[PDB]
Structure formats: structure tokens, C-alpha cells
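Below is one structure, written out as C-alpha cells, with a few remarks after it.
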Amino acid sequence: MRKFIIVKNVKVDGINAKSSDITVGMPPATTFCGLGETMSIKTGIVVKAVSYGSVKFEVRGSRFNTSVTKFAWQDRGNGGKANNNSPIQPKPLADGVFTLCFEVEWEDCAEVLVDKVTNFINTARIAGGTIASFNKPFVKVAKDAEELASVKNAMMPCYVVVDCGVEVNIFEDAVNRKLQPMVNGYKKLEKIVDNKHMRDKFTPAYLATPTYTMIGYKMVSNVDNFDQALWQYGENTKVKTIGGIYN
Amino acid sequence: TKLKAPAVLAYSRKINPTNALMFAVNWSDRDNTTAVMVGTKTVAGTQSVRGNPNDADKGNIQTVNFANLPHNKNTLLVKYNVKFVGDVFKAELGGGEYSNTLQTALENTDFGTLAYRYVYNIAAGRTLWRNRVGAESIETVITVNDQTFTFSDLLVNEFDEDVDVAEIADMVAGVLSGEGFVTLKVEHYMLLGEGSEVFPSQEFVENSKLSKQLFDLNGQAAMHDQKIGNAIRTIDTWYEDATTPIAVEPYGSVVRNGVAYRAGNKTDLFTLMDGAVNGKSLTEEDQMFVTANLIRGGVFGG
Amino acid sequence: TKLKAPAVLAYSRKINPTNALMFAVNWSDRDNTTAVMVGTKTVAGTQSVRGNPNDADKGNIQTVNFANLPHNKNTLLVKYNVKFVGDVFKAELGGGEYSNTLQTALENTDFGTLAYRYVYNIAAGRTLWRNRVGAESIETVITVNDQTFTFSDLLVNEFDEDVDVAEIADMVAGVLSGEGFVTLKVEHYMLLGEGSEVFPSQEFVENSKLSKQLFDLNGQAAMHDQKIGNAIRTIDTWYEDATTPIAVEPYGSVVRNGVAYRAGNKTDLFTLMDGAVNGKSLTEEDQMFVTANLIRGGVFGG
Amino acid sequence: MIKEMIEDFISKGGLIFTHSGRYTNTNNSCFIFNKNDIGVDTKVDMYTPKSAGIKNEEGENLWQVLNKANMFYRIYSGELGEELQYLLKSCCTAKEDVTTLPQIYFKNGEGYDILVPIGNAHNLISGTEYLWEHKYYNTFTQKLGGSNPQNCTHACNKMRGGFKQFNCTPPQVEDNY
DNA sequence: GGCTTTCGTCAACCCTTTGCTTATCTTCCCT
């Protein structure tokens with residue numbers, strides 16, 4: 001027995017489009033799983049999965065180059081060079097209207113759940129982008145599978161993410177089978193021995209290289225199983241769909 | 001003694017504006033919102049570069065994205081929201097020793113002047129650089145917590161006293177000095193005239209096809225959110241030999257004009273930040289400058 | 001000792017005309033305005049070409065956008081709005097030293113003559129480019145600040161002294177030498193005759209498929225703002241061997257004749273602003289040329 | 001010569017890596033050589049201060065010669081000598097810096113790990129070469145180091161045309177329906 | 001003894017120019 005809260009038409013601008021070194025565009029499912037665990041921390045409603053779809057999404061720039069951001073002189077000790085233009089590190093920006101659907105388990109009324117999600121989203125930040133606007137979130141429940149599809153079709157219109165898996169690698173199949181690659185998680189390289197320059201000193205830290213899976217965009221109504229669009233934190237330091245690989 | 005700064009001390013952005021969608025309305029019917037579309041024209045002119053007298057004679061053809069008002073609407077409407085977020089002293093990467101002693105030196109920041117200059121940059125039309133000039137009459141409508149204000153004539157280069165911007169600044173300073181958030185939905189009604197060219201954000205993009213490429217959002221002319229964020233924080237009238245407000249930068253640096261007003265004269269963010277942490281009696285105006293940098297946010301490498 | 005210009009020193013444009021919509025009226029019925037529609041006609045003629053005389057006998061089929069007056073209205077009307085904005089010396093991208101020393105070296109410029117030549121180019125109908133030939137009378141109605149100003153017969157190659165162009169140019173020079181802005185609502189009534197073919201701006205197109213493609217705004221024949229802006233600043237009678245007024249470029253360069261009237265002989269704009277910044281006293285029309293460049297705008301650096 | 005080059009590299013800072021945060025930020029300088037991902041066609045990046053190093057008679061630095069005909073895997077499997085394996089591995093070190101790098105939280109089960117994502121160099125170089133080779137034009141191109149990318153990375157120093165990354169824009173929803 | 005400023009050091013490309021998908025609808029039945 002499943003419960004969901006849907007925030008439709010989440011207009012967000014200033015999204016850090018740099019998903020990884022080789023992916024620029026839509027934020028991956030690690031971003032929205034991070035947003036889900038962020039509310040698990042601030043609001044206390046513990047979130048299993050998030051199904052996110054893109055209503056609108058434009059990467060700022062041309063069709064072959066992204067619009068770089070005019071950097072500001074914010075480091076310490078480079079005064080005197082501040083009159084000249086700051087050097088640009090690559091961070092593409094994008095705008096996006098999203099539709100989010102969080103699997104939550106809740107025991108109180110739907111009004112306080114909607115208010116808690118609204119108070120989170122008013123202080124949230126989708127992929128480094130300020131949430132410009134969002135409709136009032138609404139609670140829908142998936143008692144059975146037809147009710148699961150009711151929740152699924154309540155995200156209309158949006159293009160959700162379905163996992164199609166890795167055959168050999170990322171570049172090969174992106175040309176061959178023409179699917180989109182995105183960060184489904186990370187791979188740990190080395191333990192980090194210096195916790196002085198970090199957010200926490202006690203949380204263990206690892207250098208990571210983003211693993212990618214290959215995904216497709218399908219409209220949420222054309223997705224047969226809603227579990228193939230709900231991304232959640234898998235126990236391989238990755239994220240994964242509940243329904244597995246989309247067929 | 002001599003509490004050093006963290007190497008990678010960072011603060012989040014507390015004035016978060018949205019993208020300024022440009023619509024076309026009439027001064028009469030300001031409810032006839034019509035997406036100003038980014039068009040693409042091609043331009044014949046003469047190439048006149050500092051070192052080009054040999055090639056001055058020949059032409060120069062550039063494809064340029066333009067954005068003009070339609071010839072039945074004489075008013076440019078600008079849509080954005082501005083979310084002022086609290087917890088302006090909560091560093092997310094810097095440690096709890098330098099940042100907390102930074103914070104406890106900054107409760108004596110008069111947040112009222114910061115909020116007044118932020119809302120005055122919102123209301124006077126500072127976020128409308130090249131299209132606030134040539135406008136017959138500007139009109140800013142600010143909606144916050146189901147209550148609406150209107151401003152007709154606010155001169156943008158100085159902050160004169162009016163009770164409406166100060167009344168918004170009361171709740172903005174309450175959010176910034178305290179907790180929570182506040183959101184001002186801003187409606188700019190700019191009587192530019194019939195078919196007057198509007199000025200959205202241009203993009204820093206390598207584009208072979210378009211010499212000038214504007215910012216669009218579904219084709220609709222729009223301005224960058226960090227552009228409006230630069231506009232709202234353009235409050236710094238406290239640097240050395242201060243004449244015009246510049247943007248709150250860590251070094252007071254407009255790289256657009258090629259001049260950094262707070263670099264080298266011991267009035268940047270880092271020297272005043274170390275003075276505030278290490279117990280040196282910071283001035284009120286330097287206090288407000290450091291607080292404005294913390295409101296803007298940034299990472300500080302050193 | 002030599003003050004080099006900034007690498008990114010650029011000036012915004014200060015004469016901002018709109019796209020000039022053409023309507024059809026009568027010399028009497030100026031209230032009956034019907035939009036001049038851009039039609040498309042397929043036209044067959046000879047091959048011509050300077051070379052290849054073997055294919056002279058073959059035909060030549062080209063599809064051409066045309067714009068004609070209807071056979072019930074004998075007058076072509078051209079509407080545009082010229083916005084003269086002030087602050088012509090504040091470089092938006094170079095404000096500092098050079099730019100500001102150019103300002104102090106250009107304070108005593110005769111803005112009255114520059115504004116007179118601008119308002120005369122609007123008033124004599126030079127913004128009409130090839131429409132003027134065949135027009136029996138060109139009547140220009142310039143509405144400044146709700147101020148109807150009628151002009152009937154002004155020769156274009158010289159700026160003869162009248163009182164109405166000078167009357168508009170008084171406050172146009174007050175805007176240009178100072179701050180603020182002024183808007184000129186300009187209508188051109190030209191008795192071109194019954195069914196006369198009018199000449200709008202033509203787009204630059206590389207995909208071809210149509211030999212002449214006229215500029216249109218929702219189908220109505222219109223003129224590019226750049227063409228009007230070129231004709232307004234056609235004031236430069238101060239080049240070497242000056243016979244006709246040319247447009248103000250940094251190099252004095254017109255591209256039809258394939259020449260540059262001010263390049264290669266030390267009166268192009270960059271040399272003159274380098275002299276004026278470095279304390280070399282320019283002559284009066286020299287300062288008027290440099291200030292007309294700053295009113296036109298452009299980028300002068302590198 | 002090759003040994004000449006490996007030692008030219010070692011007199012300098014001398015880092016060979018497969019992953020780095022140098023692509024994310026040029027001020028970062030964290031260089032990581034993962035051992036498990038080295039294969040037959042694994043492109044491998046290297047760092048020198050300002051991309052210094054002498055060229056050969058055909059005008060190539062060490063980055064060209066170590067990256068064609070699987071030469072880095074040939075030195076890595078020691079077909080050209082075990083003392084060369086040593087020279088290669090003397091340059092293959094893991095240098096770490098977390099400043100000017102993203103630090104996110106990833107759930108590891110009843111707890112979180114602070115992951116610092118650094119970009120794979122083989123992904124960048126081999127993806128640029130392959131997607132230019134296989135005519136995949138659904139991409140963005142980014143020059144990483146800036147105006148003069150030799151202070152960034154040897155691959156940014158040589159591949160000045162920019163690296164190919166995937167255009168990850170989703171399909172839009174048409175509003176008029 | 002670091003420390004912060006400014007000047008010197010080291011380079012060199014082969015590019016390509018839209019779809020990705022493509023929207024949440026009536027049989028029985030009796031009241």
C-alpha cells in the first residue's frame with residue numbers, strides 16, 4: 001500500500017546543468033534522490049523513491065555550446081587581479097519546469113503533509129537552481145496497481161526517466177541504440193584522509209567518479225509500470241528504479 | 001589570537017531571484033500579457049575594429065537575436081520573483097569556529113538599510129538596465145503575502161526615503177536577520193513605446209550561427225536570474241571615493257568596467273571579515289558590506 | 001604616458017529608432033491607413049551577368065517580394081519612433097579613465113549642430129531611402145512631446161537653417177548633452193502616386209529560394225531600425241574631401257562604394273579619441289564626429 | 001624516445017591519472033589514477049605544471065605517444081620492459097585536493113558518505129574521439145582550461161577544440177495541445 | 001618564517017548545425 005505526494009509544474013531556473021564531466025543537461029536521478037533525502041532530513045518525512053519528469057527544460061546556450069557563467073572574484077588573495085575578468089570554470093546553467101512525485105509514508109492528515117512539502121520546496125533548490133514557482137502539491141495513494149497508474153497519470157504532462165541499462169559502455173550504445181546517458185550513482189576511488197576542508201568532519205568521505213546508466217525519456221502515461229520511473233537509493237552507492245530496466 | 005579563515009569557507013545565496021520573463025502589455029490593458037518573442041535578424045554593417053582600417057571598406061554581416069515590442073503594445077512587462085532567505089550566517093562548508101565568531105560580530109548589522117537597498121533595487125527598476133532608459137513611465141508592482149504595492153518614480157542612483165519600500169524592508173530585514181523566507185512577486189510595467197526594442201539577457205556562449213544570442217525561455221525573451229541577483233545587491237555605496245552603487249562583490253569588483261574599487265585598499269570582504277572575527281572594531285558600513293556578501297554568498301579560497 | 005583604450009571599451013547606442021511600418025494613405029485621407037502588404041511575385045527576365053555571355057539567351061526566373069501602394073491610395077506613410085537617449089558619454093563597458101577623459105575632452109562639443117543634423121535627417125526624410133525618388137512632396141510630421149511639427153520641403157544633401165528642426169533639436173541637444181530621453185513620433189506622408197511601388201528593407205537570407213525578401217512585421221512592409229539609424233546619423237560632412245554627408249562610422253566607411261572616407265589618413269575615430277584622451281586638442285567638427293560616434297555607439301578597443 | 005619522455009615528465013611534477021577534479025575546476029589540482037579501469041583502449045591523462053615537456057621529432061609531447069596504438073597499456077603490461085613499468089608507475093600517483101570541488105551526500109544505508117565527484121579522463125578523451133568518429137552530434141563542446149588550457153591538463157593543452165559532452169536535454173512538452 | 005603581491009612561464013584545434021518523445025476518453029446494468 002503506497003502513498004505519494006506530487007508537486008506539479010516546478011519551474012526552476014539556474015539549474016546546474018553540469019550533471020558530470022561528460023553529461024550536461026537534465027539533472028540525473030542522483031540529484032532528485034538527494035532532494036528526496038534532503039526532505040527526509042529537514043521535514044522528517046522519510047522518502048523511499050522519487051519519480052521526476054521534465055515538463056520544460058532548456059540548457060542555456062546554443063545547440064552545440066552552453067552559455068558559460070560570468071564568474072565573480074570570490075577567492076581570497078587574488079586582489080589586484082579583481083579588476084580584470086574572473087576566469088571561467090565550466091558550469092553550464094539551465095532552466096527547467098519539472099513534475100516531482102515522492103513516495104512517502106505518512107500517518108497524519110494530507111494537509112500537514114502538503115504544508116510540510118510546501119515548506120521544504122519553498123526552501124529547496126532543484127539541482128542548484130532556485131525554484132521559481134510550483135503548484136500546490138497534492139497527495140494521491142496507490143492502493144492497487146490501477147491506483148498506482150492513477151498516481152502515474154496525475155503527473156501529466158511530464159517526461160519521466162526510465163532506466164534502460166548498460167550493454168557495453170556509454171558512448172557505444174548512445175550512438176547505436178540512441179538513448180540518453182545520466183548519472184545513476186558514483187564509484188568510490190579512494191578514502192579521503194583530510195576532513196578539515198569538508199562539510200562534516202565525522203561523515204566519511206570518498207573521492208568518486210560518476211557511474212552512468214543509459215536512460216530513455218517516455219511520457220508518464222506511456223510508461224506501463226510506474227515502478228520503472230520511481231528512482232531510489234540502491235545499495236551499491238548508486239540509484240536505481242523500483243521496476244528495474246525498462247523494456 | 002589570530003583566528004584564521006577556513007580554506008574553502010562558503011555561504012549560500014540568500015537573495016534568490018527568478019528569470020525575468022518579458023511580456024508585452026499596454027499601459028491601458030496591463031493584463032494583456034504577450035510573450036515578447038526572441039526574433040532572429042541578419043545585419044549588414046561596416047566592420048570597424050580598432051585595428052581594421054584595411055578592412056573598413058568591406059562590409060560585415062552578422063546574424064543577431066533581437067527582441068522588440070510588437071507594434072500594438074507600448075509597454076514592456078517584466079516578471080520575476082525574489083526570494084529572500086534567512087540563515088545568512090550559516091556557512092555550509094566553513095567550520096563552526098570562524099563562521100560562528102563571524103556571525104556573533106554581525107548581529108549589530110543594521111539589516112534595515114540592507115533590506116531597504118535590496119527592495120529599492122527591486123522597486124526602482126535596477127534590474128532593467130538598458131530598457132529603463134527611454135521609458136516614459138516605469139511602474140513596479142510588488143506582491144508579498146497577499147498584499148500589493150505600486151511605485152511610479154524612484155530614482156535608481158540614490159536611495160531616497162519612502163515609507164513603502166521601507167515597509168517591505170521591515171519584513172525583508174526580519175527574514176534576513178532572522179529565519180524563514182519571504183517572496184516578492186515583481187511586476188515591471190515600463191512604458192517604452194510602440195515597437196520599442198527591449199533588452200533581455202545576452203548569453204556568454206560560443207555561437208557560430210548567432211553573433212549575438214539572447215536568452216529565451218520557450219522563445220520568450222527572458223533575463224538571467226543571476227543578472228537580477230547582481231541588480232538587487234547593487235547597494236555598495238560605501239567603498240573608497242564612492243559615487244555610484246556597485247554590486248556587492250568580495251573585492252568590490254566590476255569586471256564590466258575593469259575596475260575593482262575595494263581591492264588593495266584594505267576594504268575588501270576578506271580583510272573586513274578577518275577584522276570582524278579577530279575582534280577589530282568594524283565600522284557600521286563595513287559591517288553591512290560583509291553581511292551583504294554573506295547574503296550574496298560565495299566560496300572563499302584561502 | 002599614452003593612455004591606451006580599454007580592451008572592452010564599448011558605448012551603447014543613443015538613437016533608437018523603431019521598425020518603420022509602412023501604411024497607405026491619401027494626401028487628404030491620412031486617417032485612412034491600410035497596411036502595405038508584402039506580396040510575392042515570380043518575375044522572368046534576361047540572365048545578364050558581366051561574364052558568361054553564352055547563357056544570355058536563356059531566361060531568368062526569380063521570385064521576388066514586392067511592396068506596392070494600392071491603386072486607391074496615392075500616399076506612402078512611414079511610421080517610426082526615434083528615441084534619443086542621453087548619457088552619451090557613460091560607456092557601459094569601459095566606464096573609467098579613458099572613457100571619462102573622453103567625456104571631459106568632449107564637454108564643449110556643439111551638441112546643437114549634432115542634434116540639428118539628426119533631427120534634420122529625420123525631418124528631411126532621409127530615413128526614407130529609395131522611396132523618396134518619385135515622391136512629389138514629402139511631408140514629415142514629428143510629434144515630440146505632444147508637439148506636432150510639420151516639414152514640407154527640405155533638401156537633403158545640405159542642412160539649411162530653419163526654425164522647426166532647430167526647435168526640436170534644442171531639447172534633443174538638451175537630452176544628448178545631458179541626461180534623460182526624448183521620443184520623436186515620426187510619420188512620413190509621401191505623395192508617391194497611385195499604385196507606386198514602395199521600397200522596404202530587405203532581409204539578408206542565405207538559404208535563397210527567393211531573390212528579394214522584404215522586411216515584414218506580421219506581413220506589413222516595414223523598414224529595419226538599422227536603416228533608419230544609418231540615415232539619422234548621415235551627418236558626417238567632416239571627412240577629407242567631403243562632398244555629400246555620409247553615415248557616422250568609426251572609420252567613415254560606407255560599403256556600397258567600397259571605400260573608407262576616414263581610414264588611412266588619421267581622422268578615423270580611434271585616432272581622434274586617442275588624441276582627445278591624451279590631451280591633443282581636437283577641432284570643433286572633430287569633437288562633433290567623435291561625439292556622433294558615441295551617440296551612434298559601438299565598441300572601440302583592442 | 002619514450003624513456004626520455006617519461007623522465008622529462010618525472011623531473012617535473014609528474015602525475016599520471018585516470019580521474020581528476022581538474023576538469024571541474026582548474027584551480028583544484030587533484031589527480032587520481034585508478035588501477036581497475038585500465039584496459040586495452042583506456043585513454044589516460046597526465047598533468048605537468050603549464051603542460052611542460054619536450055616534443056619528439058614528429059612534434060608530439062608525451063600525451064600523443066602514450067595514447068595511440070595502446071602504448072600506455074603496453075608499458076602497463078610491460079611488453080617494453082619492467083624497468084619502464086617502474087618509470088610509468090613512478091608517475092602514476094594519487095594526489096588529493098578537495099578544495100573547489102563539489103561535495104555531496106550519498107546515502108549508504110542508515111548513513112551518508114560525502115562523495116566528491118571527479119571526472120573520468122578516459123570518458124572525456126575517448127568520448128570526444130569516438131563521438132567525433134561515430135558522427136554523434138547530440139552533444140555539447142567545451143574547452144576546459146579557458147583561454148590557454150595548458151595550465152589545466154595535457155589533454156586540454158592538446159585537444160584545444162574542446163571536449164565532447166552529452167547534450168542531456170530531455171524532450172519538451174508542447175504547451176498548445 | 002611564512003606571506004602576500006606582481007611578474008615571468010608555457011602553450012597551440014579537425015570539425016557537427018535537430019530530434020530525444022510525441023498527453024491521462026464507455027461496454028453491461030438497474031435504479
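We label chains A, B, ... in the order they appear in the C-alpha cells, count residues from 1 in each chain, and number ligands from 1 in the order shown.
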Counting only C-alpha atoms, what are the residues of chain D within 10 Å of chain B, and for each of them which pair of atoms is the nearest and at what distance in Å, to one decimal? Sort the table by chain and rising number, as a tab-separated table.
```
residue	atom	partner	partner_atom	distance
D:27	CA	B:301	CA	9.6
D:98	CA	B:8	CA	9.0
D:99	CA	B:8	CA	6.1
D:100	CA	B:8	CA	7.2
D:101	CA	B:8	CA	9.6
D:103	CA	B:93	CA	9.2
D:141	CA	B:206	CA	9.6
D:142	CA	B:206	CA	9.4
D:172	CA	B:218	CA	9.6
D:174	CA	B:218	CA	9.9
D:175	CA	B:218	CA	9.9
```
Next, the residues of the selection above should be written as a PDB file, in the first residue's frame with N, CA, C and O atoms.
```pdb
ATOM      1  N   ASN D  27      41.601  25.469 -10.781  1.00  0.00           N
ATOM      2  CA  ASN D  27      42.329  25.776  -9.557  1.00  0.00           C
ATOM      3  C   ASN D  27      42.412  24.595  -8.599  1.00  0.00           C
ATOM      4  O   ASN D  27      43.058  24.718  -7.552  1.00  0.00           O
ATOM      5  N   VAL D  98      40.600  18.623  -2.147  1.00  0.00           N
ATOM      6  CA  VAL D  98      39.146  18.684  -2.144  1.00  0.00           C
ATOM      7  C   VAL D  98      38.625  20.102  -2.264  1.00  0.00           C
ATOM      8  O   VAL D  98      37.405  20.294  -2.366  1.00  0.00           O
ATOM      9  N   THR D  99      39.502  21.102  -2.258  1.00  0.00           N
ATOM     10  CA  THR D  99      39.069  22.482  -2.414  1.00  0.00           C
ATOM     11  C   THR D  99      38.646  22.756  -3.851  1.00  0.00           C
ATOM     12  O   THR D  99      39.206  22.201  -4.802  1.00  0.00           O
ATOM     13  N   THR D 100      37.659  23.655  -3.988  1.00  0.00           N
ATOM     14  CA  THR D 100      36.994  23.999  -5.255  1.00  0.00           C
ATOM     15  C   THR D 100      36.484  22.761  -5.990  1.00  0.00           C
ATOM     16  O   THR D 100      36.613  22.637  -7.208  1.00  0.00           O
ATOM     17  N   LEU D 101      35.902  21.835  -5.238  1.00  0.00           N
ATOM     18  CA  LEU D 101      35.293  20.640  -5.794  1.00  0.00           C
ATOM     19  C   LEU D 101      33.939  20.417  -5.143  1.00  0.00           C
ATOM     20  O   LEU D 101      33.742  20.782  -3.980  1.00  0.00           O
ATOM     21  N   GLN D 103      30.974  18.633  -3.166  1.00  0.00           N
ATOM     22  CA  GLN D 103      30.916  17.669  -2.070  1.00  0.00           C
ATOM     23  C   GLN D 103      29.451  17.413  -1.758  1.00  0.00           C
ATOM     24  O   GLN D 103      28.783  18.273  -1.179  1.00  0.00           O
ATOM     25  N   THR D 141      30.133  20.984 -26.760  1.00  0.00           N
ATOM     26  CA  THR D 141      31.587  21.041 -26.835  1.00  0.00           C
ATOM     27  C   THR D 141      32.082  22.127 -25.896  1.00  0.00           C
ATOM     28  O   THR D 141      31.629  23.273 -25.979  1.00  0.00           O
ATOM     29  N   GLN D 142      33.009  21.778 -25.008  1.00  0.00           N
ATOM     30  CA  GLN D 142      33.505  22.728 -24.018  1.00  0.00           C
ATOM     31  C   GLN D 142      35.021  22.680 -23.941  1.00  0.00           C
ATOM     32  O   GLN D 142      35.599  21.623 -23.670  1.00  0.00           O
ATOM     33  N   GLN D 172      10.754  18.307 -24.775  1.00  0.00           N
ATOM     34  CA  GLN D 172       9.867  19.291 -24.187  1.00  0.00           C
ATOM     35  C   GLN D 172       8.423  18.833 -24.300  1.00  0.00           C
ATOM     36  O   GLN D 172       8.082  17.978 -25.121  1.00  0.00           O
ATOM     37  N   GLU D 174       4.918  20.235 -25.418  1.00  0.00           N
ATOM     38  CA  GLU D 174       4.281  21.327 -26.137  1.00  0.00           C
ATOM     39  C   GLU D 174       3.094  21.846 -25.337  1.00  0.00           C
ATOM     40  O   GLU D 174       2.236  21.071 -24.905  1.00  0.00           O
ATOM     41  N   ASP D 175       3.059  23.164 -25.128  1.00  0.00           N
ATOM     42  CA  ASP D 175       2.016  23.755 -24.296  1.00  0.00           C
ATOM     43  C   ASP D 175       0.664  23.746 -24.998  1.00  0.00           C
ATOM     44  O   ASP D 175      -0.370  23.502 -24.364  1.00  0.00           O
TER      45      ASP D 175
END
```
(request) Residues of chain A no more than 10 Å from chain B, counting only C-alpha atoms: send them over as number ranges by chain. (result) A: 11-14, 56-86, 93-96, 119, 122-123, 129-133, 196-201
(request) Considering only C-alpha atoms (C1' of nucleotides), return as a PyMOL selection string whatever protein or nucleic-acid residues lie within 12 Å of residue D:164, sequence-local ones (same chain, fewer than 5 positions apart) excluded. (result) (chain A and resi 21-24+64-66+171) or (chain D and resi 121+123-133+135-144+156+159) or (chain E and resi 15-16)
(request) Give me, as a PyMOL selection string, the contact residues of chain B against chain C at a cut-off of 7 Å, counting only C-alpha atoms. (result) chain B and resi 42+46+48-50+53+56-59+134+195-196+256-257
(request) Work out how far atom CA of residue A:105 is from atom CA of residue D:113, in Å to one decimal. (result)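 Between atom CA of residue D:113 and atom CA of residue A:105 the gap works out to 24.4 Å.
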(request) For atom CA of residue B:166 and atom CA of residue B:123, determine how far apart the two atoms are, in Å to one decimal place. (result)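 Separation of atom CA of residue B:166 and atom CA of residue B:123: 11.2 Å.
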(request) From the DSSP assignment of the backbone, select every residue of stretch 150-272 of chain B that is strand (DSSP E or B), and format the answer as a ChimeraX atom specification. (result) /B:150-151,181-190,197,202,212,214,216-217,220-223,236,246,253-254,259-260
Can you tell me which residues surround residue B:33 at a distance of at most 12 Å, considering only C-alpha atoms (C1' of nucleotides), apart from same-chain residues fewer than 3 positions away, and format the answer as a compact mmCIF listing (two decimals) with N, CA and C atoms, in the first residue's frame?
```txt
# COMPACT_ATOMS: atom_id res chain seq x y z
N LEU B 21 10.87 36.97 -17.13
CA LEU B 21 10.13 36.78 -18.37
C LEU B 21 9.61 38.12 -18.87
N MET B 22 9.88 38.43 -20.14
CA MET B 22 9.44 39.69 -20.71
C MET B 22 8.15 39.48 -21.49
N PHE B 23 7.12 40.23 -21.12
CA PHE B 23 5.83 40.23 -21.79
C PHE B 23 5.57 41.60 -22.40
N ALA B 24 4.61 41.66 -23.31
CA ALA B 24 4.20 42.90 -23.94
C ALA B 24 2.77 43.22 -23.53
N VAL B 25 2.57 44.39 -22.94
CA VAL B 25 1.27 44.84 -22.49
C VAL B 25 1.07 46.27 -22.96
N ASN B 26 -0.15 46.77 -22.79
CA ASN B 26 -0.44 48.18 -22.97
C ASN B 26 -0.53 48.86 -21.61
N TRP B 27 -0.30 50.17 -21.61
CA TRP B 27 -0.41 50.92 -20.37
C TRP B 27 -1.86 50.89 -19.97
N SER B 28 -2.73 50.73 -20.95
CA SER B 28 -4.16 50.63 -20.67
C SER B 28 -4.46 49.23 -20.17
N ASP B 29 -4.27 48.24 -21.03
CA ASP B 29 -4.51 46.87 -20.64
C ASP B 29 -3.22 46.19 -20.24
N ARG B 30 -2.87 46.28 -18.96
CA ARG B 30 -1.65 45.65 -18.46
C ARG B 30 -1.92 44.21 -18.07
N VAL B 36 7.05 38.42 -25.32
CA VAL B 36 7.91 39.10 -26.29
C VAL B 36 8.78 38.01 -26.87
N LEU B 69 9.27 45.07 -28.87
CA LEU B 69 7.85 45.05 -28.58
C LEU B 69 7.07 44.95 -29.89
N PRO B 70 5.93 44.26 -29.88
CA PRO B 70 5.02 44.35 -31.03
C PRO B 70 4.43 45.74 -31.13
N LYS B 73 1.44 47.00 -28.72
CA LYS B 73 1.64 47.16 -27.28
C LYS B 73 2.85 48.04 -27.03
N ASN B 74 2.68 49.03 -26.17
CA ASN B 74 3.70 50.05 -25.92
C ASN B 74 4.38 49.89 -24.57
N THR B 75 4.13 48.80 -23.86
CA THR B 75 4.63 48.61 -22.51
C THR B 75 5.33 47.27 -22.40
N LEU B 76 6.52 47.27 -21.82
CA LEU B 76 7.25 46.05 -21.51
C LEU B 76 6.95 45.65 -20.07
N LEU B 77 6.45 44.43 -19.89
CA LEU B 77 6.24 43.86 -18.57
C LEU B 77 7.39 42.91 -18.27
N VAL B 78 7.89 42.97 -17.05
CA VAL B 78 8.95 42.10 -16.58
C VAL B 78 8.43 41.31 -15.38
N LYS B 79 8.50 39.98 -15.48
CA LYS B 79 8.08 39.03 -14.45
C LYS B 79 9.31 38.42 -13.80
N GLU B 187 6.35 42.99 -10.71
CA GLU B 187 5.69 43.26 -11.99
C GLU B 187 6.22 44.60 -12.47
N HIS B 188 7.08 44.61 -13.49
CA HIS B 188 7.58 45.87 -14.01
C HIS B 188 6.82 46.26 -15.26
N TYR B 189 6.17 47.42 -15.22
CA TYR B 189 5.39 47.98 -16.31
C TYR B 189 6.16 49.19 -16.83
N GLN B 220 10.51 32.92 -25.42
CA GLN B 220 10.14 34.18 -24.84
C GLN B 220 11.32 34.84 -24.25
```
